[PDB]
C-alpha cells in the first residue's frame, strides 16, 4: 500500500531493471536530492544481477555505480522532465532513487495522467568502477548505454 510498481521488469544486459515509486522520502545526507517537502513521489529503480551475470556479479546482487538518467513524460499534457537517480539504501536494500515534484512542479503539466517513464543506463566504468581484464580472473566488457521504457498512471502520492 506504500510502494507502487511501474510497468513490468525488463531483463537486459544481465540485469533485471524494475521501477517503483513511493511517497517522498526524507534522505540523508540532506541537500543532495529534492527535499521531501517539495516533492510528490520518490521514484526508484531496482536493478540486480540476473542468473549468469556476464560481468561477475552474483545472482541477485545490486548493480552499483550505475549512471541512470530518467525522463517522465505526461502523454496527456505532453510535459516532459529529465533527471538522474541516485544510489541510496532503505529498509529493503540499496537502490537508485530521487524525490520528484509532480503537481508541485512550478512549470505545470505533471499532475494526474498517463506517463511514459524512461531509464537511461550507463555502465559503472563511467564513474571509474574497475574491471579485472586479466586472463584468469577477468570479466567481460560492460554493456553499451541503453534505455528501458515503462508506462503507468499517476494518481497522486501513494497514501
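Numbering follows the first chain given and starts at 1.
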If you average the CA temperature factors as listed in the entry, which stretch comes out higher, 32-40 or 87-95?
32-40
Highest mean C-alpha temperature factor of the two stretches 102-110 and 51-59, which is it?
102-110
Using only modelled residues of the chain, where does the Cα B factor of residue 122 rank: lowest third, middle third or highest third?
middle
Residue 149 - Cα temperature factor, lowest/middle/highest third of chain
middle
Could you say whether, by C-alpha temperature factor, residue 45 belongs to the lowest, middle or highest third of its chain?
middle
